[PDB]
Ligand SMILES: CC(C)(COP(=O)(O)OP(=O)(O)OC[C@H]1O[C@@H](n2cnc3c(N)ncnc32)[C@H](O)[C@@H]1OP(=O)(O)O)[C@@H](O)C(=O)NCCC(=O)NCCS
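Shown below, as structure tokens, is a lone chain in the form deposited without ligand COA; questions about how it binds or moves come after it.
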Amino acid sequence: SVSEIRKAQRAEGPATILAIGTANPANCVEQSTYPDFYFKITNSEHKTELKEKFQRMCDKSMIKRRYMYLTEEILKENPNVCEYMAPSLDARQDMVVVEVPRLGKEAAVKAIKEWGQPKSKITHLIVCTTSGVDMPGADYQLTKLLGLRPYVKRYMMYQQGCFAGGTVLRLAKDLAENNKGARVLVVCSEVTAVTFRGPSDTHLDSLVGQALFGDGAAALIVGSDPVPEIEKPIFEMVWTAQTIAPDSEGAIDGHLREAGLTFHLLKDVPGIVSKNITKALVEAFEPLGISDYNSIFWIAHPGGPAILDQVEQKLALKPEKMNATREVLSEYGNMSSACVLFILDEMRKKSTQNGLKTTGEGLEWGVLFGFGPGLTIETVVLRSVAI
């Protein structure tokens, strides 16, 4: 009796991305003048050697601009947030408990418009953030804001970190594939108001975060068995993995304290990622008979430019493989979990714009990586869609 229920309950094909929408806070922060702005707003103009260090960090970040909820006015009303270490979580929480779901909503509405189907067909909702926590969570808030059905099945992924654009895909794949008819709204929404803080010359790792992290949200619609010519596949998920790199204990740690979310880097992240990326690739692609890593399309969490450069150098990727990734890093900076989803959007839009044969730059198979605390590597194997 259960066998019949099970066979009738499950979906049949591969989880597919059917729509992608993004959004960012309206405030555009140029990187070229950021060092001058940041050192003034944090009352750190006298830390001249540190300021020079920050300028080099920003000049080498390969980020031209970021979008930030935080403004000069907001920072002027919250001096505790402008300090390196002052009690400020309640202020930060008040910002991000509202801004996460607000920005998420903006991205989600865009994806839902693109998908074109009734929002009442959304059966599952995954919400992911590294920016603040609350109960009921941002999943409840987004259900209310969007007018989803009350019986949507929710998955609130809090305090996840930069690899979770990969984690939400891994999770959505099982939801979509094991449930016939299921349509999963996937929302990653990240707001750096929880992490912004002043500079300290004995905490340079912390300072790196201030050059790289930016805000944004991305939303997907994921489902199996798309309805031919009503729904429009963009990418298909085939296989996923998550692993912890050896010798990386404590590489990237973030603690949520009374002073907000702190960021620490205790190990060479570019070097750990580059030494371990090959093994992740062979686990994913050896069973598909593929070993030429220029023959697949690429999406890599741009944690900083050095991760990308060292990965490219390790594997001998052509410089063009990382173009969509670098274009997102350039235009938005490191938006933690949302970044990889912006990169998927950029890639399928550019491929479609330029008349390529597939959404994956004209290539069939592709890989998406997320990198973050653990040190964790998330791998998602994708297949593109014709046109």
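Residues carry their position along the shown sequence, with the first being 1.
Just so it is clear, the following notes concern the form deposited with ligand COA bound, a form of the same protein that is not shown.
For this session: Verify the contact flag for residue 56: yes if a non-hydrogen atom of it lies within 4.5 Å of a non-hydrogen atom of ligand COA in the deposited bound form, no if not.
Result: Flag for residue 56 set to yes.
Exercise. Applying a 4.5 Å heavy atom distance criterion, does residue 213 contact ligand COA in the deposited bound form?
Worked result: Residue-level check for residue 213: yes, a contact with ligand COA.
Exercise. Residue 146 near ligand COA in the deposited bound form, any heavy atom under 4.5 Å?
Worked result: Outside the cut-off, so no.
Exercise. Would residue 137 count as a contact of ligand COA in the deposited bound form, using a 4.5 angstroms cut-off between non-hydrogen atoms?
Worked result: Output for residue 137 is no: heavy atoms all beyond 4.5 Å of ligand COA.
Problem set entry | Contact residue in the deposited bound form, chosen from 245, 157, 175, 269 - any heavy atom within 4.5 Å of ligand COA | That would be 269.
For this session: Note which of 265, 85, 238, 74 lies within 4.5 Å of ligand COA in the deposited bound form, where distance is taken over heavy atoms; exactly one does.
Result: Result of the distance check: 265.
Exercise. Can you pick the stretch from 56-64, 314-322, 34-42, 351-359 whose heavy atoms fall within 4.5 Å of ligand COA in the deposited bound form?
Worked result: Among the candidates, contact is made by 56-64.
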